[PDB]
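Working notes, structure below.
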Amino acid sequence: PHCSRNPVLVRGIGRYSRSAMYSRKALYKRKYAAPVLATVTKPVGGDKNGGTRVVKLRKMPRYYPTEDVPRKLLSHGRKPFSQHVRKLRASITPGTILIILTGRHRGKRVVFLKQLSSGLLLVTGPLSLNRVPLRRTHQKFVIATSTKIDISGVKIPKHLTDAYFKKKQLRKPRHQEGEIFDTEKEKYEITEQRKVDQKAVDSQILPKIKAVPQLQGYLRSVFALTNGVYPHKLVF
Amino acid sequence: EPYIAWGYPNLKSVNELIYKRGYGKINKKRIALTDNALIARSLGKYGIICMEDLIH
Amino acid sequence: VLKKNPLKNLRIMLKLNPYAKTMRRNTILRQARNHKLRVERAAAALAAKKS
Amino acid sequence: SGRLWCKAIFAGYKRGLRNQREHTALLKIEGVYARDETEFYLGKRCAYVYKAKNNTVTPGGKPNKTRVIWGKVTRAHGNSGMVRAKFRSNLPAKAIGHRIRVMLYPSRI
Amino acid sequence: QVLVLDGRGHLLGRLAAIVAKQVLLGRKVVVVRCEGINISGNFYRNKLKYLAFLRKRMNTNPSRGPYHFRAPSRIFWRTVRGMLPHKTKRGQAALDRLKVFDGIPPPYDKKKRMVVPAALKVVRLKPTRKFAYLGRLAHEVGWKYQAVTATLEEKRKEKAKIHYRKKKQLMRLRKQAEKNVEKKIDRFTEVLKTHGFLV
RNA sequence: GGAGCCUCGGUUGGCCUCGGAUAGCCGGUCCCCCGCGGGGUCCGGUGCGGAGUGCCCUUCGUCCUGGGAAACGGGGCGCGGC
RNA sequence: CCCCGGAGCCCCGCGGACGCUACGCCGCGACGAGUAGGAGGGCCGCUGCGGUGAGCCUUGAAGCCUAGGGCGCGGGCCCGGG
RNA sequence: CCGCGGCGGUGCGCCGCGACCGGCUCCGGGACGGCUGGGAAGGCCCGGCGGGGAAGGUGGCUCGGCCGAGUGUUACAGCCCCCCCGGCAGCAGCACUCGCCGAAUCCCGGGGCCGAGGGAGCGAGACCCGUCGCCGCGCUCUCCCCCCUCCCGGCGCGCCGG
Ligand SMILES: [Mg+2]
Ligand SMILES: [Mg+2]
Ligand SMILES: [Mg+2]
């Protein structure tokens with residue numbers, strides 16, 4: 001199961017050729033000179049008197065609807081989200097600083113930790129400083145400030161992934177009708193694993209941030225546009 | 001003259017016009033030259049069997 | 001049929017004219033080759049300036 | 001704790017002299033006056049934000065009297081840093097010469 | 001949130017043009033010292049031009065007909081009114097933002113007031129060209145209160161000269177203060193000139 | 001101090017010389033005249049204006065404790081007089 | 001080198017739509033100002049007759065009215081309530 | 001009933017993202033051709049040959065402290081310029097953007113916008129489905145080796161064995 005014997009030159013253009021590839025792959029020397037009725041297909045079981053019984057796995061249906069929709073047309077190149085390729089603004093590098101633009105943690109400043117599987121950012125404005133925990137964000141609702149901490153050698157937990165940072169509650173039936181059922185439940189509880197994860201990560205960062213003078217105080221502060229200062233003019 | 005602009009096209013011009021806006025007349029139906037099977041079917045009796053031949 | 005524009009859509013160009021592949025394989029390589037050779041001139045000019 | 005949106009005035013609709021094309025707002029973004037200063041603002045979310053008699057809902061909030069019409073700055077309109085917008089509904093005309101907020105938050109920065 | 005523009009040294013229509021668009025974009029504007037607005041073209045030229053405008057009246061009942069305002073403030077208002085769609089609701093709303101004054105009265109006599117340099121005489125005219133003060137013009141066409149407006153402005157300039165002298169006095173002490181303190185603001189003052197002020 | 005219809009716009013402030021433009025701004029007067037200032041001369045600084053609206057002022061998380069530099073500043077819709 | 005009542009099927013000539021009111025259904029191109037005027041189609045509309053709806057109707061017909069719900073490019077139409 | 005397993009149509013209402021294709025409008029990079037086989041330029045300097053403005057000059061006068069500044073004359077070169085002979089690699093339509101025309105002599109990457117409009121499965125003991133053309137490749141049914149090293153296994157973070 002060898003890798004790709006020609007590399008990529010451009011998306012869709014291999015470096016080599018047809019002819020170089022014939023020689024590389026060596027098509028010379030790799031020449032392959034090669035010149036129901038009664039028996040039931042897929043049923044079968046056991047059983048007592050009379051003899052054995054022939055069942056039928058996947059038995060034809062007990063209701064047809066009166067009309068139903070008729071197929072589609074194959075359509076070529078339409079991958080599900082999981083199989084997508086993930087981008088990242090070059091500005092956003094690990095241990096950089098963001099300004100989170102949208103949520104409740106709005107205008108708050110933050111440190112960027114990693115791009116998760118999803119394509120979301122993982123983020124921490126060390127809970128301690130900012131009041132921003134280990135948290136997902138989107139590239140698109142974040143301003144990649146030109147300010148970096150050196151975060152190279154911090155072992156972020158392998159177990160913290162997209163799958164963990166994912167909302168949890170609510171199933172279907174229960175009592176339902178009346179003045180009850182899951183309008184209560186009430187609170188997302190923080191849990192202890194979550195608190196342990198934070199504790200571990202922050203300690204590795206937290207010394208690193210402090211080394212930079214005033215940086216903690218910067219990371220405490222909140223961003224906002226005052227008079228006379230225009231996004232397009234200033235830099236971050 | 002005062003109804004047209006005209007002159008001597010480049011090589012690139014003949015390509016860009018043919019590839020981007022090359023439409024056959026095929027049973028009097030303007031049809032886009034999506035494959036050479038179209039060009040050939042019509043012009044193949046002249047030795048013209050592909051977009052490239054057409055351009056030449 | 002939808003007309004995909006050959007000049008943007010590589011594989012449509014190839015469908016209509018397969019010799020495109022080679023023509024474009026050349027003229028990536030050719031341009032890289034020459035780009036390298038420009039850096040090499042520029043390094044020799046800097047070395048000549050240092051001398 | 002402050003303002004996370006750049007100010008802009010609703011100039012009026014994209015229009016010829018004598019045919020206004022109501023489906024496209026024009027937006028005089030504050031502090032920008034060159035078809036040059038305005039590549040920042042292309043594709044940013046923007047809100048006509050206004051309040052009305054009856055109460056409404058509110059995302060992550062209790063029922064309010066404020067309402068908004070969301071839109072998007074599309075392209076730069078003529079030399080002096082006006083900008084075209086397009087809104088999920090057309091803007092009211094009541095709106096002329098009033099604030100609309102151009103956000104930061106489809107950022108490419 | 002409000003423009004105050006010292007109409008002195010500006011050009012009548014040139015300023016009015018700029019004011020109109022500000023006013024149409026919801027900007028509340030105030031235009032002050034309107035008698036000081038000055039109009040290109042030699043004096044006599046413009047007097048006749050006004051006197052013509054006076055002649056325009058609704059023959060059968062002048063009481064209806066085009067009301068020729070004398071005061072420089074109202075004149076300038078008239079010319080700004082001529083660049084808005086003032087028959088519309090939005091046009092009428094626009095003018096309601098604009099606020100014009102002969103001389104400079106008490107809210108704005110202690111406000112810093114801007115200057116539109118694109119309407120300014122020193123810039124927009126050749127120096128050998130002639131022009132008219134809209135005051136003189138207003139005076140001769142029947143404006144009652146030139147002298148009053150002059151006598152009130154001499155007070156204001158005297159009142160202001162005092163303020164400036166005290167302002168200067170603070171500035172001077174502040175220049176002294178920094179020098180008194182410049183070893184215990186030294187590693188602040190250094191950082192405010194790495195990122196490029198104080199130079 | 002409490003509720004409760006309705007009408008909306010807003011989403012830091014700027015508390016000011018006069019004016020000139022083939023010129024201005026600031027100092028300081030050793031010296032002179034006028035009513036701490038005003039006017040003068042002389043000298044010293046700035047002048048694509050940093051005593052700059054290309055500007056200035058203001059900060060934008062809350063608290064805890066326990067050091068340093070800075071330190072008598074702030075408040076009580078604190079209270080009376082000029 | 002064998003038979004589809006079974007090759008398992010991208011083609012299947014052994015039998016053939018979910019589709020086929022053949023006045024139906026489907027696909028490709030192109031095009032679309034209009035008085036006078038002409039022609040076509042109107043499951044547009046009015047009144048009466050032969051047929052036909054084992055139609056509807058005092059458990060409420062026709063008409064009338066309706067800030068009720070819809071359909072149709074439109075002529076118009078259908079439902080709810082009175 | 002729990003499986004939200006497999007397929008099919010859906011979302012109560014308001015939202016957002018993502019990647020793919022179509023049509024646009026911009027941005028940034030690079031690589032080439034042709035010319036008066038570009039013109040000017042730069043850099044190194046050498047040997048000559050003249051001509052001009054006008055000069056470290058001189059001179060009348062003037063203005064300042066022999067020196068500096070301002071006019072005036074004859075004009076060589078000790079400020080330059082210009083022509084002519086002869087010769088060097090650094091040029092290159094040159095980021096020292098001084099003046100073109102282009103691209104089988106042409107490619108790469110990026111951003112904003114609008115749009116998705118179609119539906120080659122209605123079998124009774126064996127798919128509720130692929131896919132046509134094009135790209136190549138990639139792989140394998142051929143052996144080799146090298147490297148890095150993710151999972152796992154072993155040995156001392158280092159080394160050895162998907
Ligand atoms: Mg509000
Ligand atoms: Mg017609
Ligand atoms: Mg007719």
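Please note that chains go A, B, ... in the order of the structure tokens, that every chain numbers its residues from 1, and that ligands are numbered from 1 in the order shown.
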Nearby residues (only C-alpha atoms (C1' of nucleotides)) at most 9 Å from residue 19 in chain B, same-chain spacing under 3 positions excluded, as a PyMOL selection string
(chain B and resi 14-16+22+33+51) or (chain C and resi 5-7+13)
Write out as a ChimeraX atom specification each polymer residue (protein, DNA or RNA) that has an atom no more than 9 Å from ligand 3, with only C-alpha atoms (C1' of nucleotides) and all ligand atoms counted.
/G:35-37
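Near residue 24 in chain H, within 12 Å and counting only C-alpha atoms (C1' of nucleotides), sit residues 22, 26, 112, 113, 114 and 115 of chain H, not including residues fewer than 2 positions from it in the same chain.
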Could you tell me, counting only C-alpha atoms (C1' of nucleotides) and all ligand atoms, which protein and nucleic acid residues lie no more than 7 Å from ligand 2, written as a PyMOL selection string?
chain G and resi 32-34
Find the residues near ligand 1. Use a cut-off of 9 Å, count only C-alpha atoms (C1' of nucleotides) and all ligand atoms, and write them as a VMD selection string.
(chain D and resid 49 to 51 66) or (chain F and resid 10 to 11)
Do me a favour and pick out the residues of chain F within 7 Å of chain A, using only C-alpha atoms (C1' of nucleotides), as an NGL selection string.
:F and (12 or 60-61)
Using only C-alpha atoms (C1' of nucleotides), please write the residues we just selected to a file, as a PDB file, in the first residue's frame.
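Printed below is result20.pdb as written:
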```
ATOM      1  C1'   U F  12     -17.515  58.718  25.914  1.00  0.00           C
ATOM      2  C1'   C F  60     -13.820  49.570  29.490  1.00  0.00           C
ATOM      3  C1'   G F  61     -14.673  43.763  33.807  1.00  0.00           C
TER       4        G F  61
END
```
Only residues of chain H matter here; which ones have an atom within 8 Å of chain C, counting only C-alpha atoms (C1' of nucleotides)? Give them as a PyMOL selection string.
chain H and resi 22+30-31+104+106-107+134-135
Restrict the distance test to only C-alpha atoms (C1' of nucleotides), flag each residue of chain B within 8 Å of chain G, and return the flagged residues as a list in words.
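Residues of chain B within 8 Å of chain G, counting only C-alpha atoms (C1' of nucleotides): residues 28, 29, 30 and 31 of chain B.
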Kindly export the residues of the current selection with N, CA, C and O atoms, as a compact mmCIF listing (two decimals), in the first residue's frame.
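Result file follows (result_17.txt):
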```
# COMPACT_ATOMS: atom_id res chain seq x y z
N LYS B 28 -30.01 23.49 -35.81
CA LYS B 28 -30.53 24.85 -35.61
C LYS B 28 -30.82 25.21 -34.15
O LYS B 28 -31.50 26.21 -33.88
N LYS B 29 -30.30 24.44 -33.21
CA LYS B 29 -30.43 24.74 -31.81
C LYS B 29 -29.05 25.16 -31.32
O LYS B 29 -28.11 24.37 -31.33
N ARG B 30 -28.93 26.43 -30.95
CA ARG B 30 -27.76 26.91 -30.25
C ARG B 30 -27.51 25.98 -29.07
O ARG B 30 -28.34 25.88 -28.17
N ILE B 31 -26.38 25.28 -29.12
CA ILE B 31 -25.98 24.30 -28.11
C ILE B 31 -24.50 24.52 -27.75
O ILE B 31 -23.65 24.64 -28.64
```
May I have a table of the residues of chain E lying at most 7 Å from chain F, giving each one's closest pair of atoms and their distance in Å to one decimal, counting only C-alpha atoms (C1' of nucleotides), ordered by chain and ascending residue number, as a Markdown table?
```
| residue | atom | partner | partner_atom | distance |
| --- | --- | --- | --- | --- |
| E:109 | CA | F:16 | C1' | 6.0 |
| E:110 | CA | F:16 | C1' | 4.0 |
| E:111 | CA | F:16 | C1' | 4.9 |
| E:112 | CA | F:16 | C1' | 5.4 |
| E:122 | CA | F:21 | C1' | 6.9 |
| E:160 | CA | F:17 | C1' | 5.7 |
| E:161 | CA | F:17 | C1' | 4.9 |
| E:164 | CA | F:17 | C1' | 4.8 |
| E:171 | CA | F:51 | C1' | 6.7 |
| E:198 | CA | F:50 | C1' | 6.0 |
| E:199 | CA | F:50 | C1' | 5.8 |
```
Return as a PyMOL selection string the full set of residues in chain B whose backbone-based DSSP assignment is helix (DSSP H, G or I).
chain B and resi 11-21+36-46+51-55
Please dump the current selection as an mmCIF file, in the first residue's frame; keep N, CA, C and O atoms.
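Wrote it out as part02.cif, contents follow:
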```
data_model
loop_
_atom_site.group_PDB
_atom_site.id
_atom_site.type_symbol
_atom_site.label_atom_id
_atom_site.label_comp_id
_atom_site.auth_asym_id
_atom_site.auth_seq_id
_atom_site.Cartn_x
_atom_site.Cartn_y
_atom_site.Cartn_z
ATOM 1 N N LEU B 11 -4.253 35.185 -30.984
ATOM 2 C CA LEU B 11 -4.497 33.757 -30.787
ATOM 3 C C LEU B 11 -5.374 33.581 -29.562
ATOM 4 O O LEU B 11 -6.423 32.940 -29.635
ATOM 5 N N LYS B 12 -4.925 34.148 -28.444
ATOM 6 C CA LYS B 12 -5.645 34.077 -27.170
ATOM 7 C C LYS B 12 -7.117 34.462 -27.278
ATOM 8 O O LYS B 12 -7.953 33.866 -26.606
ATOM 9 N N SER B 13 -7.420 35.451 -28.116
ATOM 10 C CA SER B 13 -8.786 35.908 -28.348
ATOM 11 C C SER B 13 -9.650 34.812 -28.943
ATOM 12 O O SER B 13 -10.784 34.605 -28.512
ATOM 13 N N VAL B 14 -9.104 34.115 -29.934
ATOM 14 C CA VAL B 14 -9.791 32.982 -30.553
ATOM 15 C C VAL B 14 -10.014 31.844 -29.563
ATOM 16 O O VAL B 14 -11.039 31.178 -29.624
ATOM 17 N N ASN B 15 -9.075 31.628 -28.654
ATOM 18 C CA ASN B 15 -9.273 30.631 -27.615
ATOM 19 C C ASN B 15 -10.352 31.064 -26.643
ATOM 20 O O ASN B 15 -11.334 30.350 -26.443
ATOM 21 N N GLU B 16 -10.173 32.239 -26.056
ATOM 22 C CA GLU B 16 -11.095 32.739 -25.036
ATOM 23 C C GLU B 16 -12.527 32.845 -25.520
ATOM 24 O O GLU B 16 -13.452 32.520 -24.774
ATOM 25 N N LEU B 17 -12.714 33.291 -26.758
ATOM 26 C CA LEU B 17 -14.044 33.313 -27.357
ATOM 27 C C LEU B 17 -14.607 31.912 -27.547
ATOM 28 O O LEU B 17 -15.763 31.672 -27.203
ATOM 29 N N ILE B 18 -13.803 30.997 -28.084
ATOM 30 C CA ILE B 18 -14.266 29.632 -28.320
ATOM 31 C C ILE B 18 -14.511 28.877 -27.012
ATOM 32 O O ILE B 18 -15.546 28.238 -26.877
ATOM 33 N N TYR B 19 -13.597 28.932 -26.052
ATOM 34 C CA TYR B 19 -13.810 28.148 -24.832
ATOM 35 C C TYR B 19 -14.880 28.719 -23.923
ATOM 36 O O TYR B 19 -15.695 27.961 -23.399
ATOM 37 N N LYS B 20 -14.886 30.030 -23.723
ATOM 38 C CA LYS B 20 -15.835 30.622 -22.786
ATOM 39 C C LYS B 20 -17.221 30.779 -23.390
ATOM 40 O O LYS B 20 -18.215 30.704 -22.666
ATOM 41 N N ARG B 21 -17.294 31.010 -24.698
ATOM 42 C CA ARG B 21 -18.565 31.294 -25.351
ATOM 43 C C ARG B 21 -18.649 30.593 -26.694
ATOM 44 O O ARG B 21 -19.048 31.193 -27.693
ATOM 45 N N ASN B 36 -16.440 17.310 -27.640
ATOM 46 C CA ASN B 36 -16.032 17.146 -29.032
ATOM 47 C C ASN B 36 -16.953 16.236 -29.846
ATOM 48 O O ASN B 36 -17.024 16.365 -31.070
ATOM 49 N N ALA B 37 -17.647 15.321 -29.169
ATOM 50 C CA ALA B 37 -18.741 14.559 -29.776
ATOM 51 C C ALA B 37 -19.738 15.448 -30.517
ATOM 52 O O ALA B 37 -20.368 14.982 -31.450
ATOM 53 N N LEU B 38 -19.894 16.704 -30.088
ATOM 54 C CA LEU B 38 -20.732 17.686 -30.794
ATOM 55 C C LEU B 38 -20.053 18.240 -32.028
ATOM 56 O O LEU B 38 -20.657 18.284 -33.103
ATOM 57 N N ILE B 39 -18.818 18.706 -31.855
ATOM 58 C CA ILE B 39 -18.038 19.276 -32.957
ATOM 59 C C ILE B 39 -17.820 18.220 -34.030
ATOM 60 O O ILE B 39 -18.067 18.463 -35.213
ATOM 61 N N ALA B 40 -17.351 17.054 -33.600
ATOM 62 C CA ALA B 40 -17.087 15.949 -34.501
ATOM 63 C C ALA B 40 -18.324 15.607 -35.301
ATOM 64 O O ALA B 40 -18.295 15.643 -36.527
ATOM 65 N N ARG B 41 -19.417 15.324 -34.598
ATOM 66 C CA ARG B 41 -20.686 14.944 -35.231
ATOM 67 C C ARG B 41 -21.025 15.829 -36.429
ATOM 68 O O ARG B 41 -21.573 15.344 -37.417
ATOM 69 N N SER B 42 -20.707 17.123 -36.317
ATOM 70 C CA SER B 42 -21.055 18.139 -37.321
ATOM 71 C C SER B 42 -19.934 18.445 -38.322
ATOM 72 O O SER B 42 -20.170 18.479 -39.530
ATOM 73 N N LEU B 43 -18.729 18.673 -37.805
ATOM 74 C CA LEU B 43 -17.578 19.123 -38.604
ATOM 75 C C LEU B 43 -16.549 18.029 -38.895
ATOM 76 O O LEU B 43 -15.577 18.275 -39.610
ATOM 77 N N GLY B 44 -16.767 16.826 -38.365
ATOM 78 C CA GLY B 44 -15.839 15.703 -38.540
ATOM 79 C C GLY B 44 -15.675 15.222 -39.971
ATOM 80 O O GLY B 44 -14.674 14.578 -40.296
ATOM 81 N N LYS B 45 -16.649 15.542 -40.826
ATOM 82 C CA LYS B 45 -16.527 15.311 -42.266
ATOM 83 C C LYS B 45 -15.519 16.231 -42.953
ATOM 84 O O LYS B 45 -15.346 16.136 -44.166
ATOM 85 N N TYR B 46 -14.887 17.129 -42.198
ATOM 86 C CA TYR B 46 -13.842 18.007 -42.705
ATOM 87 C C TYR B 46 -12.465 17.750 -42.104
ATOM 88 O O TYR B 46 -11.511 18.446 -42.451
ATOM 89 N N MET B 51 -12.422 20.751 -30.264
ATOM 90 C CA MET B 51 -12.318 22.190 -30.020
ATOM 91 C C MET B 51 -11.019 22.750 -30.588
ATOM 92 O O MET B 51 -11.017 23.810 -31.213
ATOM 93 N N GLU B 52 -9.926 22.022 -30.366
ATOM 94 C CA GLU B 52 -8.605 22.457 -30.803
ATOM 95 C C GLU B 52 -8.524 22.590 -32.317
ATOM 96 O O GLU B 52 -8.011 23.585 -32.825
ATOM 97 N N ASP B 53 -9.025 21.583 -33.029
ATOM 98 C CA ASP B 53 -9.106 21.627 -34.496
ATOM 99 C C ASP B 53 -9.884 22.825 -34.982
ATOM 100 O O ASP B 53 -9.502 23.476 -35.950
ATOM 101 N N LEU B 54 -10.989 23.089 -34.301
ATOM 102 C CA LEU B 54 -11.855 24.208 -34.622
ATOM 103 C C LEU B 54 -11.047 25.502 -34.545
ATOM 104 O O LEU B 54 -11.004 26.266 -35.509
ATOM 105 N N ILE B 55 -10.376 25.707 -33.414
ATOM 106 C CA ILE B 55 -9.535 26.896 -33.183
ATOM 107 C C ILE B 55 -8.461 27.109 -34.250
ATOM 108 O O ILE B 55 -8.143 28.238 -34.609
#
```
Could you write out as a VMD selection string the residues of chain H within 10 Å of chain B, counting only C-alpha atoms (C1' of nucleotides)?
chain H and resid 102 to 104 133
If you keep N, CA, C and O atoms (P, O5', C5', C4', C3', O3' and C1' of nucleotides), can you produce a file of those selected residues as a PDB file, in the first residue's frame?
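That gives us part-v4.pdb:
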```
ATOM      1  P     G H 102      -1.966  45.735 -26.485  1.00  0.00           P
ATOM      2  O5'   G H 102      -1.114  44.873 -25.452  1.00  0.00           O
ATOM      3  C5'   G H 102      -1.510  43.535 -25.087  1.00  0.00           C
ATOM      4  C4'   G H 102      -0.799  42.519 -25.955  1.00  0.00           C
ATOM      5  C3'   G H 102      -0.771  41.097 -25.413  1.00  0.00           C
ATOM      6  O3'   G H 102      -1.888  40.367 -25.905  1.00  0.00           O
ATOM      7  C1'   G H 102       1.438  41.834 -25.747  1.00  0.00           C
ATOM      8  P     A H 103      -2.472  39.138 -25.071  1.00  0.00           P
ATOM      9  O5'   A H 103      -1.247  38.127 -25.046  1.00  0.00           O
ATOM     10  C5'   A H 103      -0.811  37.447 -26.231  1.00  0.00           C
ATOM     11  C4'   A H 103      -0.249  36.112 -25.841  1.00  0.00           C
ATOM     12  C3'   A H 103      -1.213  35.254 -25.016  1.00  0.00           C
ATOM     13  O3'   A H 103      -1.571  34.009 -25.603  1.00  0.00           O
ATOM     14  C1'   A H 103       0.813  35.716 -23.811  1.00  0.00           C
ATOM     15  P     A H 104      -0.546  32.799 -25.693  1.00  0.00           P
ATOM     16  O5'   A H 104      -0.571  32.473 -27.252  1.00  0.00           O
ATOM     17  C5'   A H 104       0.502  31.741 -27.865  1.00  0.00           C
ATOM     18  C4'   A H 104       0.769  30.517 -27.037  1.00  0.00           C
ATOM     19  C3'   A H 104       1.798  29.517 -27.531  1.00  0.00           C
ATOM     20  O3'   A H 104       3.041  30.169 -27.282  1.00  0.00           O
ATOM     21  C1'   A H 104      -0.079  28.410 -26.586  1.00  0.00           C
ATOM     22  P     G H 133     -17.562   5.964 -18.944  1.00  0.00           P
ATOM     23  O5'   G H 133     -17.783   7.199 -19.922  1.00  0.00           O
ATOM     24  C5'   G H 133     -16.951   7.430 -21.063  1.00  0.00           C
ATOM     25  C4'   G H 133     -16.899   8.904 -21.399  1.00  0.00           C
ATOM     26  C3'   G H 133     -15.633   9.617 -20.961  1.00  0.00           C
ATOM     27  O3'   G H 133     -14.656   9.411 -21.967  1.00  0.00           O
ATOM     28  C1'   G H 133     -17.486  10.813 -20.151  1.00  0.00           C
TER      29        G H 133
END
```
Per residue of chain E within 9 Å of chain D, note the shortest atom pair and the distance in Å to one decimal, counting only C-alpha atoms, and order the rows by chain and increasing residue number, as CSV.
```
residue,atom,partner,partner_atom,distance
E:23,CA,D:97,CA,8.9
E:24,CA,D:97,CA,6.6
E:25,CA,D:97,CA,4.6
E:26,CA,D:97,CA,4.8
E:27,CA,D:97,CA,8.3
E:90,CA,D:96,CA,8.3
```
Include N, CA and C atoms and write out the residues we just selected as a compact mmCIF listing (two decimals), in the first residue's frame.
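See part.txt below for the written result:
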```txt
# COMPACT_ATOMS: atom_id res chain seq x y z
N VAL E 23 -26.60 68.12 6.92
CA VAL E 23 -27.95 68.20 7.44
C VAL E 23 -28.86 67.07 6.95
N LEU E 24 -28.70 66.66 5.69
CA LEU E 24 -29.46 65.55 5.13
C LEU E 24 -29.09 64.19 5.69
N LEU E 25 -27.84 64.05 6.13
CA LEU E 25 -27.39 62.82 6.79
C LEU E 25 -27.65 62.82 8.30
N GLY E 26 -28.66 63.58 8.74
CA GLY E 26 -29.03 63.65 10.14
C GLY E 26 -28.10 64.43 11.06
N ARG E 27 -27.00 64.99 10.54
CA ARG E 27 -26.10 65.79 11.37
C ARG E 27 -26.81 67.08 11.73
N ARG E 90 -38.87 64.98 4.60
CA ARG E 90 -37.46 64.76 4.92
C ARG E 90 -36.63 66.03 4.73
```
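Taking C1' of residue 123 in chain H and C1' of residue 18 in chain G as the two end points, the separation is 13.9 Å.
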